[PDB]
Protein chains: 4
Amino acid sequence: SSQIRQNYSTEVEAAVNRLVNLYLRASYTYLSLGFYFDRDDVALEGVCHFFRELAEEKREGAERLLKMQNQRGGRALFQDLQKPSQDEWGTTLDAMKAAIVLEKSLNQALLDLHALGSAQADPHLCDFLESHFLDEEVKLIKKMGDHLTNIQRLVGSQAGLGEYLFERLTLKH
Amino acid sequence: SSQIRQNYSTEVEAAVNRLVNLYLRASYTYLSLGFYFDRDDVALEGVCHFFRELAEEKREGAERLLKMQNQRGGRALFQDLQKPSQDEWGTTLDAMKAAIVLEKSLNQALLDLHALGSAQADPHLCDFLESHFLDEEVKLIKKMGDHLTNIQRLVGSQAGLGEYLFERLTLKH
Amino acid sequence: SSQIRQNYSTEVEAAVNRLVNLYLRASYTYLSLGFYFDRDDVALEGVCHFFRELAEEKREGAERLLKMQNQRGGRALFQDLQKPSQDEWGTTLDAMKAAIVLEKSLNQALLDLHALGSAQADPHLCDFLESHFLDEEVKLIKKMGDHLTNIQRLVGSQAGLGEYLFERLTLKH
Amino acid sequence: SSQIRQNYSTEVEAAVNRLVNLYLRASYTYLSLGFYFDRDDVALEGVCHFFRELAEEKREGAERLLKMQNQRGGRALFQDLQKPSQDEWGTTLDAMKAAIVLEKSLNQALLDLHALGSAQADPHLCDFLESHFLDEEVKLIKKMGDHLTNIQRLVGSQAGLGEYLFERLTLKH
Ligand SMILES: [Cl-]
Ligand SMILES: [Cl-]
Ligand SMILES: [Cl-]
Ligand SMILES: [Cl-]
């Protein structure tokens, strides 16, 4: 057992393990989104790349949380990773909307954990979220909102054309 | 006559000469496709470049097969090269569909020859196809399928615009 | 739907999706093993690093399989990822034994899929496994067997000492 | 007197001076630990180096606190520095246990001051601790816990051997 644990509640420890599960599920969802856009009958490379990069970012978030859990003397505990909510993800617009919903749910989980840390007077936890998660999440959601607006303006009456142009001229490929 | 030939059936030798003919015909077809898209009344440079590059790749496939034929102690035999099936190739979409049909026929010829090699217990032949042809063909067909989907999404109700944009923003020029 | 699919059976497609699940589960198991050895009350950095590297390798194997699925015109389908079989992994010896068992199960899944590919006359699938998985797996299992033998010789009557020395002098840190 | 002081309570000012005393005492304790392990009849250079480095780190922590005190318009006040609690520090294990106890007491002092800063609505103080002390302290305690576990596993039935090996193969020398 730990000889280091100090000011680290069982409630926070458990919530950290739940958040790890949420980040890994998000990673898995992004893996599925990425491979959908790589299908020969979808074929939007920039969109594929965007979601593959997010799968990696979310995995890295989970790893940082697990590292912190150990640094504090908590015990990492893993649960089943539920499959993503969809097998096919529709249009780029459908996918970017689903991504924003996912990100808002993760952001709310971060905020909930920050509030728990504040209530438990755990400033290391609070600082850790502030320093590595909260601003990164606000930036990502701003970026997704920006994309969504551009996708929306391009639908118009020529949806295929707009979907191609967004992928070619906004997303990295 | 050969002093080297070993485990190399007459059936395989003949099939290799037929495949050489098929690759050279494919090369010739791609030469014609390339020069069609270079016409002043077609003028799609990226499309021209794509097919010219494929003419070269298919010629190189034929040369590798002829080199292998000699390495095994078979006898290269050449036949008439039939002219391509069309003198004019329609739209970029028409051309990319015709290319996928051609590639599937070549892929089936590779698979047929692999099966013959397996039946004849000729592992060098089988390995040679695996190492230099089968994956290259799967990759090319994936690429063509990706292009076809993008061309298709761009037709919409403004076909000229979409054909220009695909050439400008997807194909190398 | 796919315009590219050729010689790619539904049986192989399904088996590829199952193998992806197996690789991702293996990745998850290695993630858990790695974080266990990072605990302050275990504290074997070289062992942690070894398993973290394997988590990454297994994820990359899954990604290669998913890429290939798309190249062939199959449909990636994801299932629930079961949690690892243990929450605590015992000694370095216990962990390396569990890793070898896992690797043998993955190797058997690769062999089973190769046999299915041979029966279905799918040489691209067979080549793909040969080129990227089968030798990599044999090498890894040889390496694990080598480690296991060294761990075993070091138990003797001073288990702590031997566990420390293996981590310090064999594993990268 | 200060023309700059703003939102900086007398309670915080006093607690900052006490924390400076605690950091300087910790520095002094580490100086003594370092020179003990440099004795010809102890002679564990890696252990000496570890504690000498910590003496320097704790002095630097004190200096940062004194700099901040001035930046806020508080008045640095120094008290007697009590000698360390021991003149001889036993084994490496005894020393690393004593170091962890010391570090936990410093960590609790940081947490107490953070709580005081929160209660007094002094966000600069709170941020200052978060940014320069709280994570540094968690990392150091994790490192000490890791060392303690390795020292403990090496005692076994050959204590001298284990103490030598830890110093040679874990600590920098
Ligand atoms: Cl379960
Ligand atoms: Cl003739
Ligand atoms: Cl389900
Ligand atoms: Cl005095």
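- Structure determination for this PDB entry was carried out by X-ray crystallography, with a resolution of 1.600 Å recorded in the header.

Looking at the overall build of chain A
Phase 1 of the analysis: Along chain A, the regular secondary structure elements total five helices and zero strands.
Phase 2 of the analysis: Along chain A, from the amino end to the carboxyl end, the secondary structure elements read α-α-α-α-α.
Phase 3 of the analysis: Oriented by its inertia axes, the alpha-carbon framework of chain A measures out at about 60 × 25 × 25 Å.
Phase 4 of the analysis: The long-range share in chain A, meaning contacts at least 24 apart out of those at least 6 apart in sequence, stands at 80%.

Considerations on the interface of chain B and chain C
Phase 1 of the analysis: Each side of the interface is counted separately: chain B has 17 residues, and chain C has 11 residues.
Phase 2 of the analysis: When chain B packs against chain C, close to 1300 Å² is buried across both sides, 56% of that on carbon and sulfur atoms.
Phase 3 of the analysis: Applying the counting criterion to the chain B and chain C interface returns zero salt bridges.
Phase 4 of the analysis: The interface formed by chain B and chain C holds five residue pairs in polar contact in total.
Phase 5 of the analysis: Within the residue set of the side of chain B that touches chain C, elements represented by two or more residues are α3 (92-119) and α4 (123-153) of chain B.
Phase 6 of the analysis: Ranked by residues supplied to the side of chain B that touches chain C, first place goes to α4 of chain B with 11 residues.
Phase 7 of the analysis: Looking at side-chain class alone, the side of chain B that touches chain C contains six nonpolar, six polar and five charged residues.

Focus: helix α5 (residues 159-169) of chain C
Phase 1 of the analysis: Counting buried residues in α5 of chain C gives eight out of 11 residues, a clear majority hidden from the surface.
Phase 2 of the analysis: All of the buried residues in α5 of chain C are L161, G162, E163, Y164, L165, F166, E167 and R168 of chain C.
Phase 3 of the analysis: Turning to α5 of chain C, the residues buried within the fold contact α2 (45-72), α3 (92-119) and α4 (123-153) of chain C together with α4 (123-153) and α5 (159-169) of chain D.

Considerations on the side chain of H124 of chain C
Phase 1 of the analysis: With respect to the helices and strands, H124 of chain C occurs in helix α4.
Phase 2 of the analysis: According to the relative accessible area criterion, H124 of chain C is buried, its value standing at 4%.

As for the relation of the copies chain A and chain C
Phase 1 of the analysis: When chain A is brought onto chain C, the operation consists of a screw motion whose angular component is 180 degrees and whose axial shift is 0.0 Å, with 0.0 Å RMSD remaining. In short, the pair behaves as if placed about a two-fold rotation axis. It is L81 of chain A whose C-alpha, among those of chain A, lies nearest the rotation axis, at 2.4 Å.

Digging into a nonpolar patch on the surface
All names here are of chain B.
Phase 1 of the analysis: Together, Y28, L31, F35 and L81 line one region of the surface with nonpolar side chains, adding up to about 340 Å² of accessible area.
Phase 2 of the analysis: Tracing the chain through its elements places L31 in helix α1 (residues 10-37).
Phase 3 of the analysis: Judged by relative accessible area, which is 37%, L31 ranks as partly exposed.

Description of the relation of the copies chain B and chain C
Phase 1 of the analysis: Superposing chain B onto chain C takes a rotation of 120 degrees combined with a translation of 0.0 Å along the rotation axis, leaving an RMSD of 0.0 Å. When the rotation and shift are considered jointly, the pair of chain copies conforms to a three-fold rotation axis. Scanning chain B for the C-alpha nearest the rotation axis identifies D127 of chain B, at a separation of 4.9 Å.
Phase 2 of the analysis: Mapped onto chain C, only 6% of the interface residues of chain B again fall at the interface, so the copies present different surfaces.

Brief notes about the interface of chain A and chain C
Phase 1 of the analysis: Every contact between the two is made by 32 residues of chain A and, on the other side, 32 residues of chain C.
Phase 2 of the analysis: Surface buried jointly by chain A and chain C totals about 2900 Å² across both partners, of which 52% is contributed by carbon and sulfur atoms.
Phase 3 of the analysis: The shortest N-O distance in the salt bridge between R52 of chain C and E63 of chain A comes to 3.6 Å.
Phase 4 of the analysis: Secondary structure elements with two or more residues in the side of chain A that touches chain C: α1 (10-37) and α2 (45-72) of chain A.
Phase 5 of the analysis: Here the residues of the side of chain A that touches chain C sort into 10 nonpolar, nine polar and 13 charged.

Quick look at empty space enclosed by the protein
Vacant regions in the atomic arrangement are exposed by a probe of water-molecule size rolled over the atoms.
Phase 1 of the analysis: In this structure, the largest cavity occupies an estimated 130 Å³ of space.
Phase 2 of the analysis: Along the walls of the largest cavity sit 15 residues, with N107 and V138 of chain B together with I4, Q6 and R72 of chain C positioned nearest its centre.
Phase 3 of the analysis: Elements with a contribution of two residues or more to the lining of the largest cavity: α3 and α4 of chain B together with α2 and α4 of chain C.
Phase 4 of the analysis: Approximately 110 Å³ is the volume attributed to the second largest cavity.
Phase 5 of the analysis: Taken together, 14 residues line the second largest cavity, and the ones lying closest to its centre are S32 and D87 of chain A together with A76, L77 and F78 of chain C.
Phase 6 of the analysis: Residue contributions to the lining of the second largest cavity peak at three residues, all from α1 of chain A.
Phase 7 of the analysis: By residue class, the composition of the lining of the second largest cavity is six nonpolar, four polar and four charged.

Analysis parameters
Residues numbered from 1 in each chain as written, not as in the entry; some residues may be left out. Chains lettered and ligands numbered in written order. Part of a larger assembly, values for the part shown. Heavy atoms only, no water. Residues with missing side-chain atoms left out of burial classes, pairs and counts. Helix = DSSP H or I, 4+ residues; strand = E, 2+ residues; numbered from the N terminus. Contact = heavy atoms within 4.5 Å. Buried area = accessible area lost by both parts, 1.4 Å probe. Salt bridge = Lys/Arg side-chain N within 4 Å of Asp/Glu carboxyl O. Polar contact = N/O pair within 3.5 Å; in protein donor to acceptor, adjacent residues only side chain to side chain. Nonpolar A, V, L, I, M, F, W, Y, C, P; charged D, E, K, R; others polar. Buried < 20%, exposed > 50% of the residue type's maximum accessible area, 1.4 Å probe, protein only. Least-squares fit on C-alpha atoms. Patch = residues over 30% accessible without salt bridge, like charges linked within 9 Å, V, L, I, M, F, W, Y side chains within 5 Å. Areas by Shrake-Rupley, 256 points an atom, 1.4 Å probe, with all protein chains shown as cover. 1 Å grid on protein atoms, 1.4 Å probe; cavity = no way out; pocket = protein on both sides within 12 Å on 5 of 7 lines; lining within 4 Å. Points joined across faces, edges and corners; volume = space filled by probe spheres on them.

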